[PDB]
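Everything on this sheet refers to the single structure shown next.
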Amino acid sequence: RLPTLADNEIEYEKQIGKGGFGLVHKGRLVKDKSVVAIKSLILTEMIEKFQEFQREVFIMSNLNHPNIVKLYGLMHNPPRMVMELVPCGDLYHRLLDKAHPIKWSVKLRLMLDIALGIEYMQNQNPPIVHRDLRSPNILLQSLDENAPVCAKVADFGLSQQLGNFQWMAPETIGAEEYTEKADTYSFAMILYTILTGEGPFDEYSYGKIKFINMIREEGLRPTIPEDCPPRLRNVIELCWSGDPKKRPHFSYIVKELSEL
Ligand SMILES: COc1cc(C(=O)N2CCC(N3CCN(C)CC3)CC2)ccc1Nc1ncc2c(n1)N(C)c1ccccc1C(=O)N2C
């Protein structure tokens, strides 16, 4: 069910950078001069990004949400994906401009959008576990509060490997197949980052072994600010609990966020 396009159908422009497993470029459809994005594999059995390639394609193909990144077609020599280029960037970089803070109305917009996207992912039979949810993977479409969509979820090769474990739910570390509650834990981290603008767990320096243990065994988490809404705090705290069971359904998270 997914179109194939030929090289004569798209025009390359400039290279955006690496997303997920590949290299993203900015391009346009020749028929329409509409902008598009092309994802390709970049060159010892690590070239197992190929599965990530296929995995991303399969998953993107069957999904359709405003808050989820879309796929348009495929290209073949070399194998490539033509997908949407989100215009405004990624969340990680945006949070790096401290001089210019994101507006609360907007931060709220971003949080909801992500939840709506993730809520949708988990309503699938079977559910979709992203597994690589962190700020670099949240793409921004508009930073305007009145826009239909502000944030979109991305990077669907479902692998794990700012990316090391600050973002990972505890059962997940040093494990392979990662329920959907892992994502809930990650989402909490994302909520924490949008709110604070500071990366998760950056207030601590522990060696790797100690750090895992602190998170797994002791319960260490980031410190939420005193001036954080109780409604929001409560939500974050739940999603990031040690017991995966205590983590909420996205129905709850979304509703609560809406009241904020
Ligand atoms: C207008 O297009 C975008 C621009 C930017 C952007 O401004 N960046 C990102 C990387 C960039 N680097 C280049 C040089 N710099 C000195 C170091 C880092 C810095 C600033 C970021 C994202 C953009 N849009 C975009 N749309 C769809 C994506 C995707 N991104 N990427 C890169 C992905 C990123 C993560 C996960 C998935 C994707 C992806 O699949 N797509 C299709």
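Mapped onto the entry's author numbering, the consecutive letters of the sequence shown carry residue numbers 1017 to 1059, 1066 to 1183, 1192 to 1207, 1210 to 1292.
All residues carry an ideal CB built from backbone N, CA and C; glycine is no exception.
Can you name, in chain order, every residue of its own chain whose Cβ lies under 7 Å from the Cβ of residue i, other than the five neighbours on each side?
i: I1268; result: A1220, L1223, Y1224 and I1256
i: residue 1065; result: Between 1059 and 1066 in the chain the model has nothing, and residue 1065 is one of the residues in that span.
i: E1288; result: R1263 and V1267
i: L1192; result: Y1114, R1156, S1157, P1158 and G1231
Name, in chain order, the residues that DSSP records as bridge partners for residue i.
i: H1041; result: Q1031 and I1054
i: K1174; result: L1161
i: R1102; result: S1056 and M1097
i: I1026; result: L1045
i: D1112; result: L1161
i: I1285; result: In the DSSP output, where bridge partners are listed per residue, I1285 has none listed.
Is the beta carbon of residue j closer than 8 Å to that of residue i?
i: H1087; j: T1020; result: no
i: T1216; j: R1116; result: no
i: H1041; j: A1053; result: yes
i: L1113; j: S1181; result: no
i: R1153; j: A1214; result: yes
i: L1132; j: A1176; result: no
i: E1078; j: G1036; result: yes
Span of the beta strand (DSSP E) holding residue i?
i: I1160; result: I1160 to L1162
i: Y1094; result: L1093 to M1097
Near residue i, what residues of its chain come up, given a Cβ to Cβ distance below 6 Å and the 5 sequence neighbours on each side ignored?
i: residue 1190; result: Since the numbering of the chain jumps from 1183 to 1192, residue 1190 cannot be located in this structure.
i: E1029; result: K1042 and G1043
Ignore the nearest five residues each way along the sequence and tell me which others in residue i's own chain have a CB closer than 8 Å to its CB.
i: residue 1209; result: Residue 1209 cannot be placed in this structure, since the chain goes from 1207 to 1210 without the numbers between.
Please list the terminal residues of the continuous alpha helix (DSSP H) segment that includes residue i.
i: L1138; result: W1126 to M1143
i: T1020; result: Taken as a continuous stretch (DSSP letters only), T1020 belongs to no alpha helix (DSSP H), as it is neither H nor E.
i: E1269; result: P1262 to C1271
i: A1220; result: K1213 to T1228
i: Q1073; result: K1071 to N1084
i: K1278; result: Counting along the chain, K1278 falls outside any alpha helix (DSSP H), and DSSP gives it neither H nor E.
If residue i and residue j are in contact, beta carbons under 8 Å, what's the gap, nearest whole angstrom?
i: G1038; j: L1059; result: So it is not a contact: roughly 11 Å between Cβ atoms.
i: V1046; j: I1032; result: Contact doesn't hold; Cβ gap of about 19 Å is too wide.
i: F1282; j: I1140; result: 6 Å
i: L1096; j: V1128; result: Actually they are not in contact, since the Cβ atoms of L1096 and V1128 sit about 35 Å apart, beyond 8 Å.
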